[PDB]
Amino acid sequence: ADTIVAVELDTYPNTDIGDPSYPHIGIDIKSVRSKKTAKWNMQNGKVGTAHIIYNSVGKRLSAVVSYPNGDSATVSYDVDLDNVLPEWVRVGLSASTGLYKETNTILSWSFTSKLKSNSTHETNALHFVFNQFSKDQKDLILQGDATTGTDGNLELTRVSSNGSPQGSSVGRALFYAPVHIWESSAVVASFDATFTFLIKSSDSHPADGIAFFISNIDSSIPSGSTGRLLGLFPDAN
C-alpha cells in the first residue's frame, strides 16, 4: 500500500473507526485513525484556511484551520517524519464524499519544502502557489473525480452541472513534481502548506472531508476509499 502522512479536515464523525464524536482536524500517520485530533467546527459555506507546518528539528507536525470569523482549531503531533516518509514524495490534496456529501472546493494551495545544509543558508527548495487553478493545470496530477476549471478553483470531488456535490466521490490533486522531503545530509528539512477551501453542503450532515497529504511518488487513490477513507487509505485500520 501507499505510505500516507496527512492532515485531515474531517467533517463527518465515523466513531466506529475511532473518529471523535465531532467534526475534527487530525494528523494521520499511515492510518485514517488519526494519531491526534482536535475538535473542529466546520463552517458550512464559508472559506476556510488550513496551514500545516513541519520541520525536522522540532519534529512536530502542526496544523491550524481557521475561518474569517476567527474560529480556529489546531492539532500538533510529535513525530519524526524521516522514519515514515520515503525520501521522495508527492504532495497533494484529497477529498471524499460517501452517503453524505459536500463540496470540496480548493481555492488556493501553496507548498514549500526546504532542505538546508551545513554550508550557509544554501538550500534546496521547492515552492509552488496556486491562488487560481486553470482548466488544463499541467503542473497538477488530478486523480479520481478531481477537476480544475475556469472559475479558478479545484473541485476535489464531483460536482453536478447544477452546482451540487455528489456522494461516493473521491478525488485528489498532486503537484506534478516529486518533492525531496528529506535528505540525510541536510541539517533542516521543513515543509509548509496552506490551502483555502470552501466546504458547502445541504445534506443532513456534510461529509467527508479534505486532506493535505504526502505520499509515495506513485500514489494513487486506493480502490474504495470514498467516504470515511478520504481517498487516502484502502481501509480503516
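Each residue number is its position in the shown sequence, starting from 1.
- If you average the C-alpha B-factors over 44-52 and over 164-172, the higher value belongs to 164-172.
- A summary of the deposited B-factors shows that, of 12-20 and 212-220, the stretch with the larger mean C-alpha value is 12-20.
- For the set 114, 90, 158, 101, the PDB entry puts the maximum C-alpha B factor at 158.
- Highest C-alpha temperature factor among 108, 105, 94, 119 per the entry: 119.
- Per-chain ranking of the deposited C-alpha B factor places residue 181 in the lowest third.
- For residue 154, the recorded CA temperature factor ranks within the lowest third of the chain's modelled residues.
- Compared with the other modelled residues of the chain, the Cα B-factor recorded for residue 194 ranks in the lowest third.
- Sort the chain's modelled residues by C-alpha temperature factor and residue 68 lands in the highest third, per the entry.
- Remark: residue 126 belongs to the lowest third of its chain, ranked by C-alpha B-factor as recorded.
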